[PDB]
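Undergrad:
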Amino acid sequence: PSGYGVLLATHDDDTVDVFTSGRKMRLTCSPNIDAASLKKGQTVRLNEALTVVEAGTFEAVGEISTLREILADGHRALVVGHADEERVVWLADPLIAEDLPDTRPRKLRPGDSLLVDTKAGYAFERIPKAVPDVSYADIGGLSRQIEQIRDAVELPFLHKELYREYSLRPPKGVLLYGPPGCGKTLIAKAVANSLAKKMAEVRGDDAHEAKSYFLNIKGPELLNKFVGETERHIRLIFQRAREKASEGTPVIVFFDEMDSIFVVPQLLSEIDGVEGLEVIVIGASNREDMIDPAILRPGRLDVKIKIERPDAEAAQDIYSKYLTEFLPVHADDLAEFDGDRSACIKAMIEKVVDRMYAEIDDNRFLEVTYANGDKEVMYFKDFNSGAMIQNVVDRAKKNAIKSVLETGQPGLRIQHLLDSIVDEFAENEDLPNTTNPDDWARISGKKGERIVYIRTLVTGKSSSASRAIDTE
Amino acid sequence: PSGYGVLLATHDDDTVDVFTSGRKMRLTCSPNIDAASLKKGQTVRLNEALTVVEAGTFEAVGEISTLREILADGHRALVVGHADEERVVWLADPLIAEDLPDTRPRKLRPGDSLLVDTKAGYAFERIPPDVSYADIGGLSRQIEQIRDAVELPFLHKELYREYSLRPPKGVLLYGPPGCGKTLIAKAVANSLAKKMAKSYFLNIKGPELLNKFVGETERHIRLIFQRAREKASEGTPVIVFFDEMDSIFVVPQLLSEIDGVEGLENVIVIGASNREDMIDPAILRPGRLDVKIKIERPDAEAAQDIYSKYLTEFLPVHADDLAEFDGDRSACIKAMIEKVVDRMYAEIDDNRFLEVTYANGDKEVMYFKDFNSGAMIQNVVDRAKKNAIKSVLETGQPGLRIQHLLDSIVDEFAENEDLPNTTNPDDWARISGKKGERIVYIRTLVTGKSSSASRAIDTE
Numbered sequence: 068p069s070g071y072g073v074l075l076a077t078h079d080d081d082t083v084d085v086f087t088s089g090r091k092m093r094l095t096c097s098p099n100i101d102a103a104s105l106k107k108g109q110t111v112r113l114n115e116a117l118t119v120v121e122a123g124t125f126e127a128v129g130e131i132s133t134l135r136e137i138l139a140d141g142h143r144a145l146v147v148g149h150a151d152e153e154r155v156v157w158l159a160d161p162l163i164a165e166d167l168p169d170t171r172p173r174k175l176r177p178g179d180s181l182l183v184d185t186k187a188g189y190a191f192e193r194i195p196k197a198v199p200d201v202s203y204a205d206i207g208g209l210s211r212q213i214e215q216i217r218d219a220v221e222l223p224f225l226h227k228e229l230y231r232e233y234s235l236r237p238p239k240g241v242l243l244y245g246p247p248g249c250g251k252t253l254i255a256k257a258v259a260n261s262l263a264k265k266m267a268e269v270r271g272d273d274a275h276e277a278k279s280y281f282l283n284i285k286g287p288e289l290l291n292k293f294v295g296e297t298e299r300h301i302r303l304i305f306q307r308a309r310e311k312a313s314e315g316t317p318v319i320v321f322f323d324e325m326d327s328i329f330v331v332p333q334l335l336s337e338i339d340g341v342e343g344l345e346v347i348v349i350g351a352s353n354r355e356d357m358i359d360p361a362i363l364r365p366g367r368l369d370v371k372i373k374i375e376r377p378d379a380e381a382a383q384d385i386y387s388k389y390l391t392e393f394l395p396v397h398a399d400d401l402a403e404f405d406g407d408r409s410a411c412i413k414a415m416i417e418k419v420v421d422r423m424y425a426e427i428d429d430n431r432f433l434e435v436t437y438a439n440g441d442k443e444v445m446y447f448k449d450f451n452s453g454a455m456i457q458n459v460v461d462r463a464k465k466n467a468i469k470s471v472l473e474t475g476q477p478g479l480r481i482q483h484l485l486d487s488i489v490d491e492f493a494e495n496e497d498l499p500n501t502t503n504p505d506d507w508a509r510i511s512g513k514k515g516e517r518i519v520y521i522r523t524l525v526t527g528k529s530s531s532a533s534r535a536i537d538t539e
Numbered sequence: 015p016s017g018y019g020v021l022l023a024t025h026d027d028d029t030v031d032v033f034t035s036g037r038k039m040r041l042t043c044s045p046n047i048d049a050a051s052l053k054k055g056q057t058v059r060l061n062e063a064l065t066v067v068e069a070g071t072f073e074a075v076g077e078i079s080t081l082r083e084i085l086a087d088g089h090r091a092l093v094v095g096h097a098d099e100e101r102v103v104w105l106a107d108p109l110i111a112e113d114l115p116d117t118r119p120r121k122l123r124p125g126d127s128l129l130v131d132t133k134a135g136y137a138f139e140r141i142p143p144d145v146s147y148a149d150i151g152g153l154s155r156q157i158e159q160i161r162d163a164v165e166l167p168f169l170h171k172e173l174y175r176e177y178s179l180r181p182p183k184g185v186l187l188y189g190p191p192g193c194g195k196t197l198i199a200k201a202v203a204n205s206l207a208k209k210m211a212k213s214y215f216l217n218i219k220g221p222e223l224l225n226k227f228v229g230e231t232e233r234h235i236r237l238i239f240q241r242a243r244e245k246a247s248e249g250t251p252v253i254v255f256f257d258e259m260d261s262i263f264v265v266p267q268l269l270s271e272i273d274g275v276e277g278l279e280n281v282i283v284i285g286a287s288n289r290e291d292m293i294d295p296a297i298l299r300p301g302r303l304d305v306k307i308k309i310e311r312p313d314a315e316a317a318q319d320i321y322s323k324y325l326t327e328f329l330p331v332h333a334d335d336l337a338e339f340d341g342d343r344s345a346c347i348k349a350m351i352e353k354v355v356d357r358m359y360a361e362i363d364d365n366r367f368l369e370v371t372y373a374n375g376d377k378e379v380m381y382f383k384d385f386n387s388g389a390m391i392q393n394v395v396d397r398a399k400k401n402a403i404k405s406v407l408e409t410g411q412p413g414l415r416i417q418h419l420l421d422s423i424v425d426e427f428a429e430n431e432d433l434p435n436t437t438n439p440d441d442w443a444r445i446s447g448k449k450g451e452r453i454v455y456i457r458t459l460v461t462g463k464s465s466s467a468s469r470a471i472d473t474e
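Order-wise, the sequence lines are chains A and B. Per our numbering: the first sequence ends with 539, consecutive numbering throughout. Per our numbering: the second sequence ends with 474, consecutive numbering throughout.
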């Protein structure tokens with residue numbers, strides 16, 4: 068029958084201060100044990116004669132207090148508990164151990180949760196709780212976009228030496244803005260994949276690959292708490308970034324829906340912290356007006372690259388991307404083009420593109436009434452997007468499969484594609500959620516007048532109904 | 015086996031007041047230990063016979079309470095925890111030691127976090143600039159107005175005294191963005207940091223007003239000012255810069271804290287704000303921010319002065335441009351600088367920026383020459399340097415040429431037309447004032463040759 072205690076201080080005369088069942092009783096050590104090998108904060112054992120009889124491990128359960136500061140002497144730890152109370156506690160041997168390098172054992176920094184025992188004023192241990200394949204070629208209709216992206220991202224990280232010679236710092240951030248339906252995540256993944264490839268560990272190809280270095284977070288996951296509230300994870304994400312920074316395979320911090328973010332101030336400091344580092348920050352937004360210019364000033368997000376709506380040629384490129392030679396193009400289409408699938412898919416694509424982008428009454432999208440009484444008719448060519456093209460391709464695929472199930476003939480046709488186009492056009496007319504206030508801002512800037520009324524124009528041959536739209 | 019205790023008081027009959035376990039008492043002292051050298055708060059140890067046999071050190075861990083009042087006799091401190099409760103505790107010998115001057119202990123004052131023992135009632139230990147006026151271009155009047163109010167009183171205290179003129183306490187920097195307006199504050203804090211005829215450097219920003227991190231931000235306003243007065247009792251100057259006051263303008267703590275440092279002229283309080291409309295006039299009243307200094311949009315000559323900084327003779331100016339000026343680097347750079355500045359400030363239709371429609375029906379067309387800024391100049395310089403780097407890469411020859419800057423100018427203008435965050439309501443205030451009519455509609459215009467699109471501007 069023997070009790071336990073916590074070692075406080077080791078003295079040369081074999082006497083050891085032990086905190087046990089009260090305030091700091093000092094006892095004597097048994098000859099069996101060595102007082103030199105004992106550790107501060109290590110749970111010790113006491114017999115009935117109040118003599119330290121054996122050593123042991125450290126206490127594993129107790130109160131959890133986050134570490135605020137290490138303060139003076141490097142050992143005593145300033146921690147705060149649940150009630151915002153401030154306490155100074157020693158750090159046990161495992162915490163102050165110099166064998167911990169940079170979930171896994173590590174040193175202690177502010178924000179970490181330490182297992183503490185307030186009775187002994189000790190901290191014992193830390194309790195941690197807590198890549199793209201797409202390339203530039205896989206994204207169609209964004210040539211000048213990817214050119215600017217390369218000149219702003221790839222060019223500095225390769226030609227740092229020329230940048231230093233001309234005294235030009237590498238841009239720290241890339242701002243991507245434009246209507247939805249295209250880019251945002253796609254471009255953000257493509258640029259990082261192209262980066263990781265370009266070099267590809269310049270050395271022996273027989274030991275070098277495309278490698279993997281990427282990271283994605285989104286603006287919506289700010290108010291989400293679960294494990295921890297909004298403010299805390301903003302340091303951890305950039306610590307994750309700097310972890311791969313020195314490894315020579317940098318990742319990119321990507322902000323999706325950054326317009327929804329703007330509390331602001333910590334992001335400024337955390338972005339400025341990676342200034343002297345080459346990791347890039349990419350921001351994506353579908354509405355640029357409310358975005359604070361503080362983060363757009365030179366030095367944080369220097370290159371602002373607009374992801375505009377696709378035109379006719381961009382639509383042709385995206386349809387080439389979405390309509391590969393592996394798709395079952397119908398024999399009726401193939402026969403007209405001498406069985407040449409390459410010249411049949413391309414002719415199919417140009418047919419559907421001209422059908423969509425032709426200014427016809429069936430392609431009328433919406434009517435804008437301005438503050439001066441002017442009414443301007445908008446067409447589906449002015450509101451095309453990669454998402455709309457993808458939806459048309461998928462719905463034409465579904466139409467082709469449904470036609471297969473009924474007629475027995477495999478293949479996708481101009482009939483299927485045009486039916487998909489008109490069906491998706493009617494679907495947008497009935498539910499036009501693609502548009503954003505930036506589209507109305509651009510329309511108002513082009514017109515020269517304010518926008519006071521918007522209504523959708525329906526062809527009248529589908530179940531879609533005309534519906535008014537409010538900008539505010 | 016021996017006990018431990020905390021020394022409370024020393025008595026002449028060798029008995030010592032000692033706090034240990036429960037039932038605190040006073041004990042007879044062993045002849046080995048001397049009662050004269052014993053000090054308050056020192057943790058002593060006692061044998062089973064309840065006799066103090068050794069005088070040890072002070073307790074190094076415990077509760078942390080922020081000091082509130084250093085109180086009169088014996089300096090027994092009134093301290094508070096975060097539970098909003100006040101406690102009166104004794105101060106140990108090291109805290110009341112008179113050997114400390116103003117990771118090392120200095121003279122204690124309210125706001126310091128002290129390591130206290132609640133049950134004992136004893137506190138043992140306390141728990142804790144390279145830019146000049148020359149680098150800034152195009153702000154000669156602003157730097158002069160700054161120095162006349164900040165440096166001039168400090169150097170000529172006696173002449174200010176002779177005219178019964180009080181030195182102004184703080185300055186107010188206001189105007190449209192793009193010039194930064196923090197460089198001016200740093201330049202004055204540095205040029206005044208070298209007098210001795212380093213002195214000082216410190217900064218803090220308004221945006222971290224709602225941010226908390228360590229502790230709550232409610233009393234941070236008093237902490238920053240006590241850190242400011244720390245060296246204010248030394249004789250070296252202080253300049254408390256407050257960037258982005260327009261975000262702050264709760265208010266009253268700053269008003270009281272600026273008044274609390276009024277009587278000590280050794281401290282300056284500088285403020286910056288991109289829009290002066292909502293700044294509380296109480297902080298602009300004489301005595302708090304006496305002189306108000308406006309950082310406005312640079313003109314053509316200010317642009318040339320700024321470009322002289324960004325385009326130095328050490329930059330690789332192309333040999334094609336060098337040969338035009340007989341290899342003269344300085345003359346070539348001066349000529350290319352004035353060329354690009356004249357290009358930006360030309361009233362050609364390609365230098366058009368925005369269209370504003372007024373409430374009276376008039377529409378005014380205004381150019382990029384009215385929205386030049388240090389940020390736009392620097393972005394043009396950086397893009398021209400990138401164009402030069404690209405040239406070297408695809409053509410072989412080195413050098414930055416006038417064509418690179420001109421292309422950078424037009425690209426930056428197109429980028430501004432597409433993305434109009436360089437404009438603030440401060441600009442529209444001056445525009446509507448000079449027009450004489452309210453502004454109802456602002457929209458971007460595009461020359462049509464770029465990928466930029468016209469966008470309606472609605473600012474607030």
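Just so you know, even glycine gets a beta-carbon here, dropped at the ideal spot from N, CA and C.
What is the DSSP secondary structure of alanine 144/A, reduced to helix, strand or coil?
TA: Three-state DSSP puts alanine 144/A in a strand.
Undergrad: Using the beta-carbon count (16 or more within 10 Å), is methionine 423/A buried or exposed?
TA: Flag for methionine 423/A reads buried.
Undergrad: Would you please verify whether the beta carbon of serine 132/A is less than 8 Å from any beta carbon of chain B?
TA: For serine 132/A, the answer is no, since every Cβ of chain B falls outside 8 Å of its Cβ.
Undergrad: I need the boundaries of the beta strand (DSSP E) containing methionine 455/A, first residue and last residue.
TA: Premise fails: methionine 455/A lies in the alpha helix (DSSP H), 453 to 474, not in any beta strand (DSSP E).
Undergrad: Along the stretch 94 to 116 of chain B, what residues have a CB closer than 8 Å to any CB found in chain A?
TA: Those would be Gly95, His96, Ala97, in chain order.
Undergrad: Do you know how far the Cα of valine 202/B is from the Cα of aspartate 162/B?
TA: Cα to Cα, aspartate 162/B sits roughly 11 Å from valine 202/B.
Undergrad: If you measure between the beta carbons of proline 182/B and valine 305/B, is that distance less than 8 Å?
TA: Closer than 8 Å, so yes.
Undergrad: Using a 10 Å radius around the Cβ and a threshold of 16 neighbouring Cβ atoms, would you call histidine 483/A buried or exposed?
TA: It is buried - the Cβ of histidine 483/A has at least 16 other Cβ atoms within 10 Å.
Undergrad: Determine whether the Cβ of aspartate 378/A lies closer than 8 Å to any Cβ atom of chain B.
TA: It does not; no Cβ of chain B falls within 8 Å.
Undergrad: So, with DSSP's three-state summary, where would you put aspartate 162/B?
TA: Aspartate 162/B falls in the helix class under three-state DSSP.
Undergrad: Taking the straight line between their C-alpha atoms, what separation do you get for residue 477/B and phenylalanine 427/B?
TA: Because chain B in this structure spans residues 15 to 474, residue 477/B falls outside the shown range and cannot be described.
Undergrad: Please list, in chain order, the residues of the stretch 318 to 337 of chain A that have any C-beta partner in chain B closer than 9 Å.
TA: Listed by position along the chain: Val330, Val331, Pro332, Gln333, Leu335, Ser336.
Undergrad: For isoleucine 194/A versus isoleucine 131/A, is the C-beta distance shorter than 8 Å?
TA: The answer is yes: Cβ separation under 8 Å.
Undergrad: Buried or exposed: which applies to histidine 226/A, given that a residue is buried once 16 or more other Cβ atoms fall within 10 Å of its Cβ?
TA: Label assigned to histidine 226/A: buried.
Undergrad: For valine 241/A, tell me which candidate among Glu310/A, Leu94/A, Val220/A, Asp441/A has the shortest Cα-Cα distance.
TA: Checked all of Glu310/A, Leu94/A, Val220/A, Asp441/A; the closest Cα to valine 241/A is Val220/A.
Undergrad: List the endpoints of the continuous beta strand (DSSP E) containing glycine 76/B.
TA: Note, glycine 76/B: beta strand (DSSP E), 76 to 83.
Undergrad: Which residues, taken in chain order from the stretch 435 to 461 of chain A, show a beta carbon closer than 9 Å to some beta carbon of chain B?
TA: For the stretch 435 to 461 of chain A, which is checked against every Cβ of chain B, the residues closer than 9 Å are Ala438.
Undergrad: Can you say whether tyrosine 177/B is buried or exposed, counting buried as having 16 or more other CB atoms within 10 angstroms of its CB?
TA: Its Cβ having fewer than 16 others within 10 Å, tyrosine 177/B is exposed.
Undergrad: Using alpha carbons as the reference points, say which of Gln318/B, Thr80/B, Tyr147/B lies closest to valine 355/B.
TA: Of the listed residues, the one whose Cα sits closest to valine 355/B is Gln318/B.
Undergrad: So if DSSP puts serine 261/A in a beta bridge, which residue, or which two residues, is it bridged to?
TA: Looking at the DSSP assignment, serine 261/A forms no beta bridge with any residue, so it has no partner.
Undergrad: Are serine 35/B and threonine 65/B touching if we call contact CB-CB under 8 Å?
TA: No. Outside cutoff.
Undergrad: Is any beta-carbon of chain A found at less than 8 Å from that of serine 422/B?
TA: Cβ-Cβ to chain A under 8 Å: no for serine 422/B.
Undergrad: Straight-line CA distance for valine 471/A to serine 487/A?
TA: Looking at the two C-alpha atoms, the distance is approximately 15 Å.
Undergrad: Taking buried to mean at least 16 other C-beta atoms within 10 Å of its own C-beta, is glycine 341/B buried or exposed?
TA: Looking at its Cβ environment, which holds fewer than 16 other Cβ atoms inside 10 Å, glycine 341/B is exposed.
Undergrad: Verify whether the separation of the beta carbon atoms of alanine 137/B and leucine 92/B is less than 8 Å.
TA: No, the Cβ-Cβ distance between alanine 137/B and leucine 92/B is not below 8 Å.
Undergrad: Below 7 Å on C-beta distance, what does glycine 89/A contact in chain B?
TA: Near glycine 89/A (Cβ distances below 7 Å), the residues of chain B are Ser35.
Undergrad: Helix, strand or coil, according to DSSP, for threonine 196/B in the structure here?
TA: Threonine 196/B falls in the helix class under three-state DSSP.
Undergrad: Got a sec: which bits of the stretch 218 to 234 of chain B sit with their beta carbon under 7 Å from any beta carbon on chain A, in order along the chain?
TA: Within the stretch 218 to 234 of chain B, the residues whose Cβ lies closer than 7 Å to some Cβ of chain A are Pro221, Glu222, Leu224, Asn225, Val228, listed in chain order.
Undergrad: My output table needs one value for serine 127/B: the three-state DSSP class, helix, strand or coil.
TA: Correct three-state label for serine 127/B: strand.
Undergrad: In the DSSP assignment, what are the bridge partners of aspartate 84/A?
TA: For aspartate 84/A, which the question treats as bridged, DSSP gives the partners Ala76/A, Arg93/A.
Undergrad: Does the separation of the CB atoms of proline 190/B and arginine 343/B fall below 8 Å?
TA: No.
Undergrad: Please state whether DSSP places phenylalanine 427/B in a helix, a strand or coil.
TA: Helix.
Undergrad: For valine 395/B and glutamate 338/B, what's the separation of their Cα atoms in angstroms?
TA: Near 21 Å, if we compare the C-alpha coordinates of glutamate 338/B and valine 395/B.
Undergrad: With which residues is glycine 184/B paired in a DSSP beta bridge?
TA: Answer by DSSP bridge pairing, in chain order: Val283/B.
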